Amino acid sequence: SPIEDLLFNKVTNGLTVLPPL
Amino acid sequence: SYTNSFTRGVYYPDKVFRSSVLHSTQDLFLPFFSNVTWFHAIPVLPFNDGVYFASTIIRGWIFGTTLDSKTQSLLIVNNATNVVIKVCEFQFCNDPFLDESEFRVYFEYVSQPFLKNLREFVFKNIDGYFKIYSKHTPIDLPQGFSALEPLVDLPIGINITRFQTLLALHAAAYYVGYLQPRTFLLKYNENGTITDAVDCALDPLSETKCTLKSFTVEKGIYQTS
Amino acid sequence: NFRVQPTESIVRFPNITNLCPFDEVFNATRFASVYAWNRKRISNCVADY
Amino acid sequence: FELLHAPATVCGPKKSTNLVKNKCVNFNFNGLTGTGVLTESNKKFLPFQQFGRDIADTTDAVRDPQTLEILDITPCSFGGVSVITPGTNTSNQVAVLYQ
Amino acid sequence: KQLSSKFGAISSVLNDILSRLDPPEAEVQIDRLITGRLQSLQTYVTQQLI
Ligand SMILES: *[C@@H]1O[C@H](CO)[C@@H](O[C@@H]2O[C@H](CO)[C@@H](O)[C@H](O)[C@H]2NC(C)=O)[C@H](O)[C@H]1NC(C)=O
Ligand SMILES: *[C@@H]1O[C@H](CO)[C@@H](O)[C@H](O)[C@H]1NC(C)=O
Ligand SMILES: *[C@@H]1O[C@H](CO)[C@@H](O)[C@H](O)[C@H]1NC(C)=O
Ligand SMILES: *[C@@H]1O[C@H](CO)[C@@H](O)[C@H](O)[C@H]1NC(C)=O
């Protein structure tokens, strides 16, 4: 949706970051 | 004569490259808005730490401890061909001066010379070493900002207590500053150049910028020190 | 945990520079006396033994 | 030999090796010891700059002494392993997942 | 950032602490260093848990 698009666009060793399911 | 130095006297604390980050360093720099003894001589000067040097004709720097042959002393003479840095137990006069083929002053390191403009030199003496920093930037110090790139390192070992300059007899005037240990915050650019330094002991906004590791602060309350 | 291992080793170091004076001391036509030896100092140069 | 009175400048001859690319080794660049790949760098340095860093206080780019080129550093690909499996009462087969 | 702190030991590099030093004191120094690093990791895990 356009509101979801706007909200997603506004929001911006050895340690590993897993991806969500 | 006295004259306030606005913001000049910023040199690279190391040879490490950084890209568009902020690096908090604690080395010996020149503080901002500190008075410098702008001379107009046409003796001997004390050496605490640092001979931040800027002139707009003169070549030469006496370095040593007693200035005599009782201990090791340093000598620098700059001419059109090269630079000779002679260190030995050399005997000096009270007011040495140059002439340019005759020497009236009384290991070497031969390299490129150090040559309107403004020859800003920052000298350091720590860990038994001697470091020369320079930047010849064309233009009461002018309003602006520039970095001071490093140069050759001279292993000496001895400590330096007093220094002196030279007069090149073909004069001019030179500023003299003094460094004290404090903490800066330097803003490296994307290419790797120092373009903005902010202190950590000034009006409290500067200390807030030091303690938040950023150049722009928003409204609110910040506990710093 | 899986970790790929290095397969060889390299090392980099700068040039052998200034060509340290030792042939003029270890191979000389004339030498000093046994009581009046001349001390020679070699520095500002990476040595080659 | 005179020791513990002055900075040391009469050092021994430290040897040099050949070039390497795209294969991570235990390099040593003028005393900078680390492990990581050696790739061609798109960055641009300055003549007084030896090695670079980043935000995380880690070495990313290094300059070799034998050339005026610069070689990037990226660590060897590490990652945990996982075992996809059903119940051992059902089957003995497993599937390996690399993270 | 905490990975590269001396923790009161001789140095902060494994290839410097396990090569230049002598193992009677190198064992104690690396024990202190890994104790500090493990303490930092435990602090991070507790913060993540909360
Ligand atoms: C250190 O040695 C290397 C390996 O020879 C030098 O690299 C080349 O040396 C040849 C030999 O004279 C030159 O013709 C090339 O132009 C050099 N290439 C580069 C990229 O410099 C290197 O120059 C030496 N370093 C010095 C002399 O400071
Ligand atoms: C420097 O000295 C002058 C004259 O003594 C004075 O007016 C000026 O305020 C001084 N600079 C600072 C930063 O106090
Ligand atoms: C510059 O000075 C050096 C000694 O300090 C001397 O050897 C050289 O000949 C001089 N160059 C001139 C006078 O052009
Ligand atoms: C940085 O480098 C780019 C080219 O790589 C150049 O366009 C830009 O002007 C440079 N910026 C500064 C501040 O020198």
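Residues numbered from 1 in each chain as written, not as in the entry; some residues may be left out. Chains lettered and ligands numbered in written order. Part of a larger assembly, values for the part shown. Heavy atoms only, no water.

- Structure determination for this PDB entry was carried out by cryo-EM, with a resolution of 3.95 Å recorded in the header.

### What about the arrangement of the chains?
Here is step 1: The top pair by number of contacts, from a total of 6 pairs of chains in contact, is chains C and D.
Here is step 2: Without any contact between them, chain A and chain B keep their closest C-alpha atoms 18 Å apart.
Here is step 3: For the non-touching pair chain B and chain E, the nearest C-alpha separation works out to 13 Å. (Contact = heavy atoms within 4.5 Å.)

### With respect to the state of the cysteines
Here is step 1: Applying the stated criterion across every chain, the model contains 3 disulfides over all chains.
Here is step 2: Between the sulfur of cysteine 200 of chain B and that of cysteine 210 of chain B lies a disulfide, 2.0 Å long from S to S. Looking along the S-S bond of the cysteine 200 of chain B-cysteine 210 of chain B disulfide, the torsion reads about -70°, which is the left-handed sense. Within this pair, whereas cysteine 200 of chain B is found in the loop between β17 (194–198) and α1 (204–212), its partner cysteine 210 of chain B is found in helix α1, the two being separated by 10 residues in sequence.
Here is step 3: Using a relative accessible area of 23% as the deciding quantity, one classes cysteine 200 of chain B as partly exposed.
Here is step 4: Here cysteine 210 of chain B falls in the buried class, since its relative accessible area comes to 8%.
Here is step 5: Put simply, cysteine 20 of chain C and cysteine 45 of chain C are joined by a disulfide, and their sulfur atoms are 2.0 Å apart. Its torsion about the S-S bond being -125°, the disulfide of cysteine 20 of chain C and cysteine 45 of chain C is classed as left-handed. (Disulfide = S-S within 2.5 Å. Helix = DSSP H or I, 4+ residues; strand = E, 2+ residues; numbered from the N terminus. Buried < 20%, exposed > 50% of the residue type's maximum accessible area, 1.4 Å probe, protein only.)

### Let's talk about the site of ligand 3
Residues and elements named next belong to chain B.
Here is step 1: Lining the immediate environment of ligand 3, one finds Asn79, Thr81, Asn82 and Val84.
Here is step 2: Taking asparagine 79, its side chain carries an N or O atom lying 2.4 Å from an oxygen atom of ligand 3.
Here is step 3: Here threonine 81 contributes a side-chain N or O atom positioned 2.8 Å from a nitrogen atom of ligand 3.
Here is step 4: Starting from 360 Å² of accessible surface for ligand 3 in isolation, the protein chains cover 52%. (Near = heavy atom within 4 Å. Polar contact = N/O pair within 3.5 Å; in protein donor to acceptor, adjacent residues only side chain to side chain. Areas by Shrake-Rupley, 256 points an atom, 1.4 Å probe, with all protein chains shown as cover.)

### Description of the interface of chain C and chain D
Here is step 1: Between chain C and chain D, the contact holds 22 residues from the first and 31 residues from the second.
Here is step 2: Between chain C and chain D, the buried area comes to about 2400 Å², and carbon and sulfur atoms account for 57% of it.
Here is step 3: Of all residues in chain C, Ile10, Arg12 and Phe13 of chain C bury the most surface against chain D, accounting for 37% of the area lost on that side.
Here is step 4: Applying the counting criterion to the chain C and chain D interface returns 2 salt bridges.
Here is step 5: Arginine 12 of chain C is paired through a salt bridge with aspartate 64 of chain D; the nearest N and O atoms lie 2.9 Å apart. (Buried area = accessible area lost by both parts, 1.4 Å probe. Salt bridge = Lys/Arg side-chain N within 4 Å of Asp/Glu carboxyl O.)

### Focus: the pattern of salt bridges
Residue and element names in this part refer to chain B.
Here is step 1: This structure, assessed with the given rule, holds 7 salt bridges over all chains.
Here is step 2: Between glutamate 100 and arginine 59 there is a salt bridge whose closest N-O contact spans 3.7 Å.
Here is step 3: Classification of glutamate 100 as exposed rests on a relative accessible area of 56%.
Here is step 4: Its relative accessible area of 21% is what places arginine 59 among the partly exposed residues.

### Structural notes on the nonpolar core
Here is step 1: Ranked by internal contacts, the top residues of the largest apolar core, which has 23 residues, are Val10, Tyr52, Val122, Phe184, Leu186 and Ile194 of chain B.
Here is step 2: Of all the elements in the fold, those that place two or more residues in this core are β16 (184–188) and β17 of chain B. (Core = buried A, V, L, I, M, F, W, Y, C linked by side-chain atoms within 4.5 Å.)

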